[PDB]
Amino acid sequence: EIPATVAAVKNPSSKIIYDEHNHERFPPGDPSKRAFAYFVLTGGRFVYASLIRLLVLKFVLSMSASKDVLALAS
Amino acid sequence: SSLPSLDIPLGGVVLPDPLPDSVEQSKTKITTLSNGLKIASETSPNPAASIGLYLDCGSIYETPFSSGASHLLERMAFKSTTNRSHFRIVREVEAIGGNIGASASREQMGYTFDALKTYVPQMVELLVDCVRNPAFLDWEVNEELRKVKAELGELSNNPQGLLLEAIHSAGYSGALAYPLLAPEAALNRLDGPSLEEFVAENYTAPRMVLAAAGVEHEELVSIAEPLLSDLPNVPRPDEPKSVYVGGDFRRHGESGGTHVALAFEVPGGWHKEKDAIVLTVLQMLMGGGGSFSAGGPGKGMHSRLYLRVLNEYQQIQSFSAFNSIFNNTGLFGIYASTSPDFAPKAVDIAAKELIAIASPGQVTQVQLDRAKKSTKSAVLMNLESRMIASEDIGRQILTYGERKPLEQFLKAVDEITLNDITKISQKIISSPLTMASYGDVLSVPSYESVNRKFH
Amino acid sequence: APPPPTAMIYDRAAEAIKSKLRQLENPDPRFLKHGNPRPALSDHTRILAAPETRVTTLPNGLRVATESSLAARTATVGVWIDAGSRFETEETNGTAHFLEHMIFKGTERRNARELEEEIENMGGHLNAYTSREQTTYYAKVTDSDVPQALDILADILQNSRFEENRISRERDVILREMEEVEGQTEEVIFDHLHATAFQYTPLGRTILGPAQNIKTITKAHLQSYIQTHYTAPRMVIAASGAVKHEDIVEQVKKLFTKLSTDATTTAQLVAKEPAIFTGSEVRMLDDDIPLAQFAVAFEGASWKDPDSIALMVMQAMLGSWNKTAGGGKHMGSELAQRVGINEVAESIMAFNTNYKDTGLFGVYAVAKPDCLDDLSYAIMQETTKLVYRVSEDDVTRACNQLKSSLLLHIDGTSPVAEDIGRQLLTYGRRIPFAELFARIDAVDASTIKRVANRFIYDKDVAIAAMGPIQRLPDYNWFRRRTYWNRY
Amino acid sequence: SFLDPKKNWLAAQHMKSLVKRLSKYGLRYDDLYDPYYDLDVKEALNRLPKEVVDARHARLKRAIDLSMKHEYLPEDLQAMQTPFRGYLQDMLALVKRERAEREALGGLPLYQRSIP
Amino acid sequence: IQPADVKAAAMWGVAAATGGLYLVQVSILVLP
Amino acid sequence: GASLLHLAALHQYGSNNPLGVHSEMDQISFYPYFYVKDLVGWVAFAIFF
Amino acid sequence: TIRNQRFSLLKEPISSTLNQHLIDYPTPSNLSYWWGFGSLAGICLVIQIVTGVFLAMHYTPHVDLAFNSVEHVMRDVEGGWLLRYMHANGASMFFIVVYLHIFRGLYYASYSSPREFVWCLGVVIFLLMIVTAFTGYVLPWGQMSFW
Ligand SMILES: CCCCCCCCCCCCCCCCCC(=O)OC[C@H](COP(=O)(O)OCCN)OC(=O)CCCCCCCCCCCCCCCCC
Ligand code: HEM
Ligand code: HEM
Ligand SMILES: [Zn+2]
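As given, the protein sequences belong to chains A, B, C, D, E, F and G, one line each in that order. Per the entry's author numbering, residue 75 is the first one in the first sequence, and the count goes up by one each step. Per the entry's author numbering, residue 50 is the first one in the second sequence, and the count goes up by one each step. Per the entry's author numbering, residue 41 is the first one in the third sequence, and the count goes up by one each step. Per the entry's author numbering, residue 7 is the first one in the fourth sequence, and the count goes up by one each step. Per the entry's author numbering, residue 15 is the first one in the fifth sequence, and the count goes up by one each step. Per the entry's author numbering, residue 198 is the first one in the sixth sequence, and the count goes up by one each step. Per the entry's author numbering, residue 2 is the first one in the seventh sequence, and the count goes up by one each step.
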């Protein structure tokens with residue numbers, strides 16, 4: 075019989091079924107979100123920027139001067 | 050910016066007044082440049098102009114030294130010149146928006162260019178440059194030779210062209226026998242200086258026609274005379290000779306079907322206008338098909354071969370009946386593609402048909418009327434498509450030195466009669482059979498066994 | 041002591057090549073006074089003159105349009121129905137195509153054998169074809185014999201007779217035709233692309249439909265479809281060549297009377313179940329095929345969208361390239377130059393398809409299994425370059441190419457009639473050449489950038505691929521390539 | 007200005023020294039053009055005839071062998087040497103002119119240098 | 015193309031200056 | 198240096214999978230698919246640390 | 002494909018090795034998070050190196066000054082307690098992550114052929130980590146350190 079993988083090649087259908095066990099599909103008419111995703115990513119991105127600035131400044135200011143020296147500055 | 054949504058006319062346009070609804074039927078003006086060149090044109094109502102340059106050269110004029118120059122020249126058509134580079138040429142063609150084409154046949158070959166009627170000086174200047182002043186560079190020629198070798202390597206996919214070439218080579222001796230698709234040895238031997246010498250020897254003024262389709266004659270001649278009037282006047286060396294006596298070509302290939310083709314002489318040629326027209330009508334009567342087309346009525350499904358063979362005999366892949374007419378010679382015959390086991394029966398059927406048309410009374414007046422009407426329709430519906438108009442002008446001027454008016458072809462097709470068909474078939478069948486076979490040929494009959502018929 | 045260049049075959053070869061190069065070093069002006077490879081605009085208003093396309097509307101709603109040129113000797117007469125495979129009902133998908141095949145055959149008096157005998161006796165041709173949402177039945181005929189063709193068209197479109205034996209024969213023929221289409225890989229690719237892009241919409245389903253549905257016609261579906269969709273307002277009669285508008289109007293009025301009066305209007309029909317683009321991909325890996333054929337596509341513009349002309353220009357400046365193209369490595373479009381120079385593809389073709397209320401726009405490449413990643417990079421790079429950094433010379437060249445292509449394609453009697461019918465169905469009018477040129481000339485670099493930002497910048501894409509495609513980048517790759525982070 | 011050995015004693019001495027060096031190693035001045043250097047020389051060498059390019063490779067191999075062996079060409083062939091008999095400058099000029107035209111009006115580079 | 019290029023370069027310069035201020039908050043330089 | 202050699206040898210022979218089976222049928226590029234997974238791991242580790 | 006003109010920077014020779022081995026390396030599609038643990042061990046090593054360098058900018062290797070120097074780092078250096086706690090607890094997390102790495106390898110039998118060399122180089126790496134952490138723990142010079 076038809077090997078069932080050339081059946082899909084020879085029979086394109088407008089009703090395509092996906093897995094939908096890990097991700098629920100939007101109904102077809104709804105638009106692509108594309109904005110909620112970027113705003114979530116943006117929140118995380120400036121969290122990351124805060125973290126990187128913190129680490130860099132910690133290292134540089136550690137390599138900076140010291141409290142006992144500042145005390146002995148007179 | 051705002052736009053009127055394309056179902057409403059766009060703001061303010063200066064759209065011009067229409068044509069007067071049957072303005073006129075333009076005539077062809079032909080001017081003979083004193084060096085011996087032809088410049089012809091006619092007016093067209095559509096905004097497109099087709100301009101071509103046609104030369105009396107090709108495989109017939111090939112020489113054992115060249116033997117492939119025609120095919121290579123078709124491939125090397127609009128390459129770099131002594132005045133523009135290839136990049137500049139392509140950029141110009143793209144800039145005005147036209148199309149370039151090159152055709153190479155056995156007897157004549159042409160270069161055509163298409164664009165709007167505004168760009169006439171550009172068209173004629175670029176064409177004359179690319180023909181008159183070519184710079185056959187070694188690297189460009191080598192690239193085209195590599196491509197031609199690949200195409201020769203991908204030839205068997207179309208057995209019809211292969212069988213036409215085989216029939217010509219087998220059933221002609223020198224001139225028409227010169228091949229058209231440049232065998233591998235010839236391809237290796239071919240070279241840029243060889244192309245230069247061939248062009249300089251053959252592309253001469255007394256064998257050049259510049260034909261325009263939608264161009265005013267005054268403009269065309271005023272832009273073309275300062276580009277062609279200074280060519281040297283040569284004595285137009287004579288055309289090659291070729292005799293028809295020829296037998297069988299047989300080539301074995303894959304196991305899918307066998308392709309057998311038969312052909313004959315009809316030595317009238319294009320100068321014998323009556324016989325050429327009768328041959329065209331006979332072809333439109335014979336014709337046939339591929340038994341796989343699903344277009345619709347009008348494609349010749351009521352032709353004699355179609356009806357009898359295809360509607361009666363199955364397991365026959367395709368069955369056609371064709372012709373090819375050159376100056377002072379012809380070649381008419383039948384192409385058949387069928388199963389390997391059926392091949393002897395297919396040859397018998399084709400011979401039966403070709404003899405059936407010969408014997409009087411076997412062609413009905415109604416079939417002849419249908420053939421004549423279909424031929425007139427084919428010619429008329431072909432003389433649209435201004436490209437075809439310009440090509441017809443060029444070819445006719447190259448052959449006859451003028452343009453034979455369409456009314457002559459129409460009158461000839463009108464006056465053809467059953468006696469003419471029978472007489473021409475009897476004459477064409479007398480000439481020695483030319484046969485070609487390709488594929489599982491190890492079972493097709495012998496050439497002499499087939500030639501036992503027809504005589 | 042030093043040898044002359046006569047000896048030393050390499051010295052001889054160097055002398056010959058230097059002689060040739062010094063030969064071609066001096067140009068000539070008389071052959072260069074008109075070239076100008078740099079593109080520029082022009083006003084062809086002095087040239088765009090064509091006979092007026094007279095349009096009449098018979099009160100039953102029937103539009104008849106003619107572009108007469110009575111100096112000719114042929115003509116083309118046809119009917120352009122605003123119906124096709126889009127307007128089915130999910131269980132009668134193949135009805136339009138099968139009805140085409142059947143309506144060729146017979147009527148209450150045509151008798152298919154003698155019908156085709158009549159067509160071929162008068163010398164003409166008769167053809168038809170159905171698109172997703174357009175159907176055409178036209179005939180090419182001669183002067184003083186047009187009326188027979190018009191009568192035959194009216195008879196087959198009104199009083200066709202469907203008989204069961206011919207229906208079985210055409211079922212066999214269409215099953216064969218379905219079995220022969222998978223050889224044509226381009227049509228398979230575009231069918232799959234349509235199905236996966238406009239999925240769960242009437243545009244997704246193919247034209248032929250499923251064989252399981254072709255096996256269950258019974259001619260009741262045929263008659264219902266014809267009576268429900270071949271109504272008077274949705275048809276256009278068109279004529280060109282040697283025709284007379286008054287004669288054509290009179291003949292249409294006298295003949296097309298047993299029509300299907302109804303109310304199913306395509307505008308309201310598309311109002312329900314519209315077309316919705318859904319970004320997705322389908323990739324059919326085989327690895328037994330020498331070449332991999334794929335297509336990426338963005339959502340296009342509708343027929344009446346004013347940006348349709350801009351999309352046409354954009355698909356002109358991503359022009360097609362072929363392995364036997366004359367230009368080769370020198371071409372106007374950057375994508376063709378990239379493909380030809382690095383030889384990363386057998387052939388590429390950019391397509392712009394327009395429907396009602398939607399469309400498509402893509403690049404259709406066909407290559408070898410090992411160059412697919414570089415080819416995909418080239419395609420996406422050039423498209424997003426159209427988004428960001430379009431150039432004036434490229435825009436002008438694209439506009440010139442588009443004008444030339446349209447006016448050269450309109451050539452003959454059948455192309456003119458087809459143009460008349462198609463434009464009357466899509467826009468409700470035939471756009472004159474001068475207005476079309478004005479609309480194209482209204483497109484410049486800013487227009488291209490705005491339209492590309494509207495349609496290409498950071499939009500979902502739909503991909504359909506077939507063959508050895510191990511190296512073809514996944515969906516996320518293309519989706520991220522739809523924008524640039526440098527700008 | 008354009009200073010040639012006919013109108014300049016210093017240029018005459020410079021040309022004499024270059025001729026002496028190239029004759030010592032027996033290789034023409036054009037052989038010093040590295041294909042990896044410009045990539046225009048690469049194209050110009052791709053366009054030249056095979057006999058000429060093979061002669062160039064042979065002369066370069068001979069020069070490299072002499073350099074390794076720490077010796078010079080024997081005086082016979084040294085007197086038979088013909089430096090400055092060019093074979094490449096015209097083709098290189100043509101290639102550069104074509105590249106300049108293509109760059110000047112639209113156009114993408116036909117070849118490019120990798121990074122690095 | 016040059017106006018767009020210089021506009022983009024200026025935008026990237028503004029972004030770079032903002033990143034520099036964020037990394038090194040200098041009211042000492044900001045005030046005068 | 199030892200870590201670099203470790204990674205080089207692994208990259209020579211691919212990478213195992215939770216099934217232990219041959220895995221050259223369904224393979225995807227490391228970026229971005231496993232960079233994001235590693236990023237989730239890194240952020241969780243950062244919270245722990 | 003002849004690379005006449007350059008398409009992508011990632012395929013240029015400057016970023017070609019990095020491209021292959023970081024971006025384009027094919028990976029099994031069903032990996033869980035323990036491969037993430039391997040990458041995490043790499044990150045822990047980098048963190049240890051950086052914090053250790055900045056700590057060694059303040060540590061005196063003398064017996065009379067080591068302990069008070071570390072207390073200097075904790076009390077006087079600007080944000081030095083962060084550096085020291087990061088170094089110490091980062092050694093601890095480095096070992097935690099490497100242990101999870103090793104035990105995933107044991108569970109899924111990743112040591113089997115053809116990854117014998119990978120496992121052996123891992124064992125060498127573990128030896129190096131043990132030695133490094135031990136000699137480092139000697140540095141602060143306390144009771145536990147010395148004894
Ligand atoms: C010291 C203080 C700091 C500030 C220093 C500022 C710079 C001073 C010196 C500037 C020198 C020029 C800089 C611009 C780069 C060269 C420009 C150029 O001509 O590049 C073109 C060349 C070939 O490219 P092409 O084939 O012409 O391009 C096709 C276009 N039709 O392109 C090539 O050949 C590509 C070359 C690739 C390698 C470039 C290396 C540049 C130097 C990198 C140093 C750091 C390396 C990284 C590691 C250390 C990081 C700290
Ligand atoms: C410095 C500490 C270490 C680092 C940075 C490190 C790094 C890595 C990396 C990057 C990988 C590839 C990604 C992955 O599969 O997780 C890997 C894989 C592996 N490592 Fe390590 N590793 C370390 C210690 C060890 C140790 C101590 C062993 C065991 C002796 C080990 C055994 C393995 C094995 C068997 C794999 C194969 C992964 C698989 O089968 O999928 N590693 N390591
Ligand atoms: C080259 C990089 C490194 C340098 C320069 C470095 C340097 C130092 C210095 C100066 C100390 C003493 C400071 C203190 O007492 O807190 C220290 C402590 C230590 N280091 Fe490192 N180190 C490095 C990498 C590592 C690594 C990779 C490990 C392994 C995990 C490690 C493990 C330790 C431990 C366990 C201590 C003692 C923690 C404590 O102070 O209680 N170090 N290191
Ligand atoms: Zn069909």
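For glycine and all other residues, C-beta sits at the position ideal for the given N, C-alpha and C.
| Item | Value |
| --- | --- |
| Output the distance between the C-alpha atoms of residue 382(C) and residue 500(C), rounded to the nearest integer angstrom. | 28 angstroms |
| Give me the residue from 300(C), 375(C), 277(C) with the minimum Cα distance to residue 291(C). | 277(C) |
| Of the choices 298(B), 162(B), 65(B), 315(B), whose alpha-carbon is the least far from that of residue 332(B)? | 315(B) |
| Do the region 87–101 of chain G and the region 44–56 of chain G meet, that is, are 3 or more Cβ pairs less than 8 angstroms apart? | yes |
| Is DSSP giving residue 292(B) helix, strand or coil here? | coil |
| Residue 122(B) and residue 254(B): beta carbons closer than 7 angstroms? | no |
| Please output, in chain order, the residues near ligand 2 using a CB cut-off of less than 6 angstroms to any non-hydrogen atom of the ligand. | 200(F), 203(F), 204(F), 207(F), 212(F), 213(F), 36(G), 39(G), 40(G), 42(G), 43(G), 46(G), 99(G), 102(G), 103(G), 106(G), 111(G), 112(G), 116(G), 119(G), 120(G), 123(G), 124(G), 126(G), 127(G) |
| Just verifying my parser: in three-state terms, what is the DSSP assignment at residue 29(G)? | strand |
| Residue 369(B): buried (16+ other C-beta within 10 angstroms of its C-beta) or exposed? | buried |
| Roughly how many angstroms separate the alpha carbons of residue 356(B) and residue 350(B), rounded to a whole number? | 7 angstroms |
| Are the beta-carbon atoms of residue 194(C) and residue 295(C) separated by less than 7 angstroms? | yes |
| Assuming residue 459(B) is part of the alpha helix (DSSP H), what are its boundary residues? | 455–464 |
| Taking residue 125(D) as the query, report the chain B residues whose CB atoms sit under 8 angstroms from its CB, ordered along the chain. | For residue 125(D) there is no data in the structure shown, the boundaries of chain D being 7 and 122. |
| How far does the alpha helix (DSSP H) with residue 519(C) in it reach, from first residue to last? | 515–521 |
| From the DSSP output, which residues share a beta bridge with residue 87(B)? | 81(B), 258(B) |
| Chain C partners of residue 5(G), CB-CB under 8 angstroms? | 381, 382 |
| Out of 459(B), 471(B), 447(B), 498(B), state which residue places its alpha-carbon closest to the alpha-carbon of residue 156(B). | 447(B) |
| Starting from the beta carbon of residue 53(D), find every residue of chain B whose beta carbon is closer than 9 angstroms, and list them in chain order. | 186, 187, 188 |
| Taking Cβ-Cβ distances shorter than 7 angstroms, what residues in chain C pair up with residue 152(G)? | The shown model of chain G, from 2 to 148, leaves out residue 152(G), and the question about it has no answer. |
| Looking at the C-beta of residue 414(C), does it have a partner C-beta in chain G at a distance below 7 angstroms? | yes |
| Where residue 386(B) and residue 338(B) are concerned, what is the direct C-alpha to C-alpha distance, given to the nearest angstrom? | 11 angstroms |
| Find the residues of chain D that neighbour residue 433(C), judging by a C-beta separation of less than 9 angstroms, and give them in chain order. | 111, 112 |
| To test your reading of the DSSP string, which unbroken beta strand (DSSP E) runs of 3 or more residues are found completely within the region 160–194 of chain C? | 165–170, 175–182 |
| Relative to the C-alpha of residue 93(C), which candidate in 102(C), 106(C), 86(C) has its C-alpha closest? | 106(C) |
| Counting beta carbon pairs with one atom in the region 410–429 of chain C and one in the region 484–498 of chain C, are three or more of them shorter than 8 angstroms? | yes |
| Tell whether a beta-carbon distance below 7 angstroms holds between residue 109(B) and residue 483(B). | no |
| Taking only the alpha-carbon atoms, compute the straight-line gap between residue 64(B) and residue 145(C) and give it to the nearest angstrom. | 45 angstroms |
| Distance cutoff 7 angstroms, beta carbons only. Does residue 331(C) sit that close to anything in chain B? | no |
| Can you name the residues of chain D whose CB is closer than 7 angstroms to the CB of residue 24(G)? | Per Cβ cutoff of 7 angstroms: no residues; residue 24(G) is ~17 angstroms from chain D at best. |
| Please list the partners that residue 244(F) has in chain G, where partner means a Cβ-to-Cβ separation under 9 angstroms. | Correct list: empty, because the minimum Cβ distance to chain G is about 12 angstroms. |
| Does the distance between the C-beta of residue 115(D) and the nearest non-hydrogen atom of ligand 1 fall short of 6 angstroms? | yes |
| Using the DSSP secondary-structure output, state which residues sit across from residue 335(C) in a beta bridge. | 504(C) |
| Would residue 116(C) pass as a contact of residue 457(C) if the rule is Cβ separation under 7 angstroms? | yes |
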